[PDB]
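S.K.: Let me give you the structure first, and then I'll get to my questions.
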Amino acid sequence: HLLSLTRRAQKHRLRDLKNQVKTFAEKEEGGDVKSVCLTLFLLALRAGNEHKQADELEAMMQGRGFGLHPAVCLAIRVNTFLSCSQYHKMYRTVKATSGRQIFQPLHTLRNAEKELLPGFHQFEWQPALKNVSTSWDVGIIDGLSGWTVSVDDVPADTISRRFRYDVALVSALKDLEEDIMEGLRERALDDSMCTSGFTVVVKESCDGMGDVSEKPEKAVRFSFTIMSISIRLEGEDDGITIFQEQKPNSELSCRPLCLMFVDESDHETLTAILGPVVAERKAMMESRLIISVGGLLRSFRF
Amino acid sequence: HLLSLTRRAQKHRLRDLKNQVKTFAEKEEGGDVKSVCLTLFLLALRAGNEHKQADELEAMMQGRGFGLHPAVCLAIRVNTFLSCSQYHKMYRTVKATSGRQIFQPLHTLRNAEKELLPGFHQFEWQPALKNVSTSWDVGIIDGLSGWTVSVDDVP
Amino acid sequence: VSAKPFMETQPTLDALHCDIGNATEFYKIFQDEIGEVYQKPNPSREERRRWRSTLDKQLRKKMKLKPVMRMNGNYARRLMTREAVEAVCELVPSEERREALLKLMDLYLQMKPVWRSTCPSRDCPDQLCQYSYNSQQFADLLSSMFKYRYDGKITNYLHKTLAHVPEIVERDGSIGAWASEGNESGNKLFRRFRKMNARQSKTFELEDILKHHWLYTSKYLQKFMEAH
Ligand SMILES: [Ca+2]
Ligand SMILES: [Ca+2]
C-alpha cells in the first residue's frame, strides 16, 4: 500500500502527478504547489463527508491558535455552573492529556475576570453627586451600611450585600459600549459630533423571593436592566434610538444590584436597608455622567 | 487567489486537474485519490521544511486525528461529576469558540463508552456453570430477581 | 392615601398576569348564563355548583378542558376563543344573549394582544386605533346585558384594562416592555446559585452569589456564547 511505503517509494511513484500538478499550477495559480495541493486535499475530504478531518486540517493552517481566550474560559467556568475545584481538576486533566495549555489556569482566570465586575472603569460626574463619595474603585459594599452594633437599639442583625448604583451603571455601560459603537456605525452618525446627548432609560424591579430550600428563609432581589439608549443631538430630535434592548424580559439581561434576607412585608427593615439606593437614585436623575468610551469621553443623562 | 474562493469556485477552477488526478488514481492506485493527494501534501510540506506540520499531519491520518481520545473525554465527564446537558453546552462553547473540534460530541461518546460496561465481551466457561444462564450480553439486571408481584405473599 | 410614600413608582400595568381576572369573570359569566341570574337573581348554595359542573363537563366534551382550580396561562389562553364560546352557547337556553356574548368575546380577542405586545405602534397599529371604540362597545354591552353583576362590584383588573390601556401605550410606547416577570424568572437562578456555589458562611455567601449572578448577566460573556 502506498501509505505503507517509504518517502523514497512514494516520491518514485508519484513524481508523475507531481509534475502534472506543477505544470497546472504554473499555468494558472503561479505555481503555488502548496495552496493547490491544500485545496485539492480539502475538496477530496469534503466529498467523503470527512468534515472533521478537513476542519482540523484547516485549523492547522491560518490559523493555528491552540489558545483559548481567557474570557471565554471564564464564561464557560460560570455560564454553565462549573464549580472551581471542579474547574482546576478538569484543567489538570486536559493539560496532562494533550500537550497544550488549552484552559488558562485558575488565578489568571480570576485576574482576567476582575476587570469585569464593578469598580474598575474610571469616570467623572458634572457636577459631583449629592452626598456620595467621589471614590469609584470600591467594589462589593456590605449592605448593612454602617449600623451601630449596640444592641440597645434596633438589632443590626439583618444580612445583605450590594454594590453602589453608579458603579454598577458605569460597569454595565462600559459593557454595552460595543453595541453602542456598532449602532453609531449603522446609523452612520458623526463620531467627533456625537459626544454630548446620550439618554439612557433604565427599568428597575424589586420583587420578593421566598424560602431558599435547604437542609435564612426570605429574600429580596433589587435588580435593574439597561433598556434603551438614544441620542439628543442636535436639533429637536424627538427620538434617535441608538439601541433598543431586544429581550428586556429574558432574565439573561436582568442584573442584580442589591440583596437582603428580609421579609417582603415588614416596612421597617426593608426601608432601613433600601434607603441608600433610594437616595442615590433620587440624587442621580439630575447631574450628568462622563465616561471614556471608544477613546472619547462622552456625557450621559438618565 | 485560489484559497479565499468558495467551494463552488474552487471546484470550478480545479475540475480539470481533479479529473487528471482521478484518472491517475484509477490507473495506478485504483481510485484511492484521498491517500494520493494526502501523500502529495505530505511531501510538498516536507519540502517546505516546516516538518512540525508534517508530523502533525501524519498524526492526523491513521492517528487520533480528531484532537483528543474520546476515552479521556468520557473520563472528564465522569471523573468530575459533570452533568450531561452541562457537557453539551460546554461542547457547543468550545466548538464555536476556536475553530477546532476538541471535545467529542454526545452520541459518539455514549457509543464509545458502551464497550466499557459489563456484558460486552464474549467469553467461555469450562465447564459450564451450575444453574447459571448461558448468555453473556445481558447488562443491568433488575435486582428484584423476578418476584411474583402478587400482593398475597410478602410484597 | 394614608402612608408617606418614598419610592417613585411609574404606576404601570403589570403585563404579565393582566388577564386572569378577566378570564375568571368570563367563567362566572358563563356559569350564570347556564343559570339565569336575570330570571333567578337569588340562586342557592348548589345551583351555581351544578351549573359549574355541567359547564365543565360540557367543555370537557367539546374542548376537552379538564376542571381546574385557578387560571394559569395556558388554561386562560384556551378559554378565550370563539370556538369555546360557541361551545358554551350550546347549553345556554336563549339564543339572543348567545350572539351578545359572541360579539363580546370577539371584541375581547380584538383588544387582547394590544396589551401583551412589545410595540403595537408597528406590530399591530390597527388594534390600537380601533381600541377606543372597541372597549367602548365592550363596556356598553357589559352594562346593557350583564349589569346583574357589575352594579357596584368590579375586579381591579377589569378597570385597569378598560380605562387607561391606550393612554398608557401612548405615554410610554409599550406594555410588555416593563413586565416584572423577567426579574421573577431570575429567582430560579438565585436559589440554585445558592446550592452549587456556596461559600458557605452568611458573612461571605452573598458576596459570591452576587458575583456569579452578575457574571451571568453580562452582555460580554454571552456574546461569546454565540452558538449561531
Ligand atoms: Ca410576590
Ligand atoms: Ca412573586
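Letters for chains follow the order of the C-alpha cells (A, B, ...), residue numbers begin at 1 for each chain, and ligand numbers begin at 1 in the order shown.
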Using only C-alpha atoms, determine which residues of chain B fall within 9 Å of chain C; present them as JSON, numbers by chain.
M.R.: {"B": [92, 93, 95, 96, 97]}
S.K.: Dump as a tab-separated table the rows for residues of chain A within 8 Å of ligand 1: closest atom pair and distance in Å with one decimal, only C-alpha atoms and all ligand atoms counted, ordered by chain and rising residue number.
M.R.:
```
residue	atom	partner	partner_atom_place_in_ligand_line	distance
A:207	CA	ligand 1	1 (Ca)	6.3
A:208	CA	ligand 1	1 (Ca)	5.3
A:209	CA	ligand 1	1 (Ca)	6.9
```
S.K.: What residues in chain A lie within 8 Å of chain B, counting only C-alpha atoms, written as a tab-separated table (two decimals) with N, CA and C atoms, in the first residue's frame?
M.R.:
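New file iface35.tsv:
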```tsv
chain	number	residue	atom	x	y	z
A	2	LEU	N	0.44	2.29	-0.72
A	2	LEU	CA	1.29	3.46	-0.93
A	2	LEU	C	1.63	4.15	0.38
A	3	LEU	N	0.66	4.26	1.29
A	3	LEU	CA	0.90	4.85	2.60
A	3	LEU	C	1.75	3.96	3.50
A	7	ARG	N	9.38	7.26	2.03
A	7	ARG	CA	9.40	8.52	1.30
A	7	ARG	C	9.99	8.33	-0.09
A	10	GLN	N	7.28	6.55	-2.35
A	10	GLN	CA	6.18	7.47	-2.66
A	10	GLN	C	6.63	8.52	-3.68
A	11	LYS	N	7.82	9.08	-3.47
A	11	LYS	CA	8.40	10.01	-4.44
A	11	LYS	C	8.51	9.37	-5.82
A	14	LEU	N	4.98	8.85	-7.41
A	14	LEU	CA	4.10	10.00	-7.57
A	14	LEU	C	4.74	11.19	-8.27
A	17	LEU	N	2.40	12.62	-11.27
A	17	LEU	CA	1.35	13.56	-10.91
A	17	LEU	C	1.91	14.80	-10.24
A	18	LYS	N	3.09	14.70	-9.62
A	18	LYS	CA	3.75	15.90	-9.10
A	18	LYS	C	4.05	16.88	-10.22
A	21	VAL	N	0.71	18.41	-11.57
A	21	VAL	CA	0.25	19.50	-10.70
A	21	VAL	C	1.17	20.71	-10.85
A	24	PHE	N	0.24	22.48	-14.13
A	24	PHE	CA	-1.08	23.09	-13.99
A	24	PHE	C	-1.01	24.37	-13.15
A	29	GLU	N	-2.21	29.21	-11.19
A	29	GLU	CA	-2.09	29.84	-9.87
A	29	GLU	C	-0.65	30.19	-9.52
A	33	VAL	N	2.37	25.29	-5.55
A	33	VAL	CA	2.07	23.88	-5.29
A	33	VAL	C	1.41	23.71	-3.92
A	34	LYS	N	1.83	24.53	-2.95
A	34	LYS	CA	1.31	24.42	-1.59
A	34	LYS	C	-0.20	24.61	-1.54
A	35	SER	N	-0.68	25.79	-1.96
A	35	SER	CA	-2.11	26.08	-1.92
A	35	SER	C	-2.90	25.15	-2.84
A	36	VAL	N	-2.33	24.75	-3.98
A	36	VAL	CA	-3.02	23.86	-4.90
A	36	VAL	C	-3.29	22.51	-4.25
A	37	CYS	N	-2.23	21.84	-3.77
A	37	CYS	CA	-2.42	20.54	-3.13
A	37	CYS	C	-3.26	20.66	-1.86
A	38	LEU	N	-3.16	21.80	-1.16
A	38	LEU	CA	-4.02	22.04	0.00
A	38	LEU	C	-5.49	22.00	-0.38
A	39	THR	N	-5.90	22.86	-1.33
A	39	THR	CA	-7.30	22.91	-1.74
A	39	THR	C	-7.76	21.58	-2.32
A	40	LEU	N	-6.87	20.88	-3.03
A	40	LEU	CA	-7.24	19.58	-3.60
A	40	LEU	C	-7.54	18.56	-2.51
A	41	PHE	N	-6.67	18.47	-1.50
A	41	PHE	CA	-6.92	17.53	-0.41
A	41	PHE	C	-8.17	17.92	0.37
A	43	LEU	N	-10.93	19.47	-0.84
A	43	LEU	CA	-12.09	19.05	-1.63
A	43	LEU	C	-12.22	17.53	-1.67
A	44	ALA	N	-11.09	16.82	-1.66
A	44	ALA	CA	-11.15	15.36	-1.61
A	44	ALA	C	-11.79	14.88	-0.31
A	45	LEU	N	-11.45	15.51	0.81
A	45	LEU	CA	-12.07	15.14	2.08
A	45	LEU	C	-13.55	15.50	2.10
A	52	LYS	N	-14.80	16.55	9.82
A	52	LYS	CA	-13.94	16.65	10.99
A	52	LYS	C	-12.47	16.78	10.59
A	53	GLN	N	-11.99	15.87	9.75
A	53	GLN	CA	-10.58	15.87	9.38
A	53	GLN	C	-10.21	17.15	8.63
A	55	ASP	N	-11.73	20.02	8.79
A	55	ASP	CA	-11.82	21.16	9.70
A	55	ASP	C	-10.57	21.26	10.57
A	56	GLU	N	-10.08	20.12	11.07
A	56	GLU	CA	-8.85	20.17	11.88
A	56	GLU	C	-7.63	20.51	11.03
A	57	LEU	N	-7.61	20.07	9.77
A	57	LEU	CA	-6.53	20.47	8.88
A	57	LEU	C	-6.53	21.97	8.66
A	59	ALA	N	-7.73	24.04	10.64
A	59	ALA	CA	-7.32	24.58	11.93
A	59	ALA	C	-5.82	24.49	12.14
A	60	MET	N	-5.13	23.64	11.37
A	60	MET	CA	-3.68	23.63	11.41
A	60	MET	C	-3.06	24.77	10.62
A	65	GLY	N	-4.19	28.54	16.18
A	65	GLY	CA	-4.14	29.13	17.50
A	65	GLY	C	-3.75	28.22	18.66
A	66	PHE	N	-4.60	27.25	19.00
A	66	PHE	CA	-4.47	26.39	20.18
A	66	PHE	C	-4.68	27.17	21.47
A	67	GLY	N	-4.88	28.47	21.35
A	67	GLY	CA	-5.04	29.33	22.51
A	67	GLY	C	-6.49	29.70	22.71
A	68	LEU	N	-7.03	29.30	23.86
A	68	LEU	CA	-8.38	29.67	24.25
A	68	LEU	C	-8.34	30.99	25.00
A	72	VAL	N	-13.52	33.66	27.22
A	72	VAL	CA	-14.38	32.50	27.01
A	72	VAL	C	-14.16	31.48	28.11
A	76	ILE	N	-17.20	30.02	30.33
A	76	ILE	CA	-17.51	28.61	30.42
A	76	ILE	C	-17.27	28.08	31.82
A	80	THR	N	-22.03	27.85	32.79
A	80	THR	CA	-22.56	26.50	32.90
A	80	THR	C	-22.33	25.93	34.30
A	82	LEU	N	-20.11	25.36	36.43
A	82	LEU	CA	-18.98	24.59	36.91
A	82	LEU	C	-18.41	25.23	38.17
A	86	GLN	N	-13.66	21.87	40.79
A	86	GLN	CA	-14.03	21.13	39.60
A	86	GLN	C	-13.23	21.61	38.40
A	89	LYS	N	-9.40	20.66	38.65
A	89	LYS	CA	-9.17	19.25	38.36
A	89	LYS	C	-9.29	18.98	36.87
A	90	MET	N	-10.38	19.47	36.26
A	90	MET	CA	-10.58	19.23	34.83
A	90	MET	C	-9.48	19.87	34.01
A	93	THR	N	-6.41	17.78	34.08
A	93	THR	CA	-6.60	16.63	33.20
A	93	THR	C	-6.38	17.00	31.74
A	97	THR	N	-3.36	15.46	29.39
A	97	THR	CA	-3.71	14.60	28.27
A	97	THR	C	-2.96	15.01	27.02
A	98	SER	N	-3.20	16.23	26.52
A	98	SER	CA	-2.64	16.65	25.24
A	98	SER	C	-1.96	18.02	25.36
```
S.K.: Just to confirm, what's the straight-line distance from atom CA of residue A:96 to atom CA of residue A:64 in Å (one decimal)?
M.R.: 20.4 Å
S.K.: Within 7 Å of chain C, which residues of chain A show up when using only C-alpha atoms, listed as a VMD selection string?
M.R.: chain A and resid 72 75 78 to 79 83 161 175 to 176 205 209 212 248 to 256
S.K.: May I ask for the distance between atom CA of residue C:124 and atom CA of residue C:106, given in Å to one decimal place?
M.R.: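 Computed distance, atom CA of residue C:124 to atom CA of residue C:106, equals 16.8 Å.
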S.K.: List as a list in words the protein and nucleic acid residues near residue C:33, meaning an atom at most 9 Å away when only C-alpha atoms are counted, but skip any in the same chain fewer than 2 places from it.
M.R.: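 In the requested format, the answer is residues 28, 29, 30, 31, 35, 36, 37, 51, 91, 92, 93 and 97 of chain C.
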S.K.: Residue C:5: which residues within 12 Å, counting only C-alpha atoms, same-chain residues fewer than 6 positions away excluded, as a PyMOL selection string?
M.R.: chain A and resi 267+271+278
S.K.: Would you mind writing down, as JSON, numbers by chain, each residue of stretch 98-294 of chain A that DSSP on the backbone assigns to helix (DSSP H, G or I)?
M.R.: {"A": [106, 107, 108, 109, 110, 111, 112, 113, 114, 165, 166, 167, 168, 169, 170, 171, 172, 173, 174, 175, 176, 177, 178, 179, 180, 181, 182, 183, 184, 185, 186, 251, 252, 253, 267, 268, 269, 270, 271, 272, 273, 274, 275, 276, 277, 278, 279, 280, 281, 282, 283, 284]}
S.K.: So, with only C-alpha atoms and all ligand atoms as the atoms that count, which of A:139, A:239, A:295, A:210 lies closest to ligand 2?
M.R.: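 Nearest candidate to ligand 2 out of A:139, A:239, A:295, A:210: A:210.
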S.K.: Taking only C-alpha atoms and all ligand atoms into account, which of A:280, A:211, A:28, A:124 comes nearest ligand 2?
M.R.: A:211
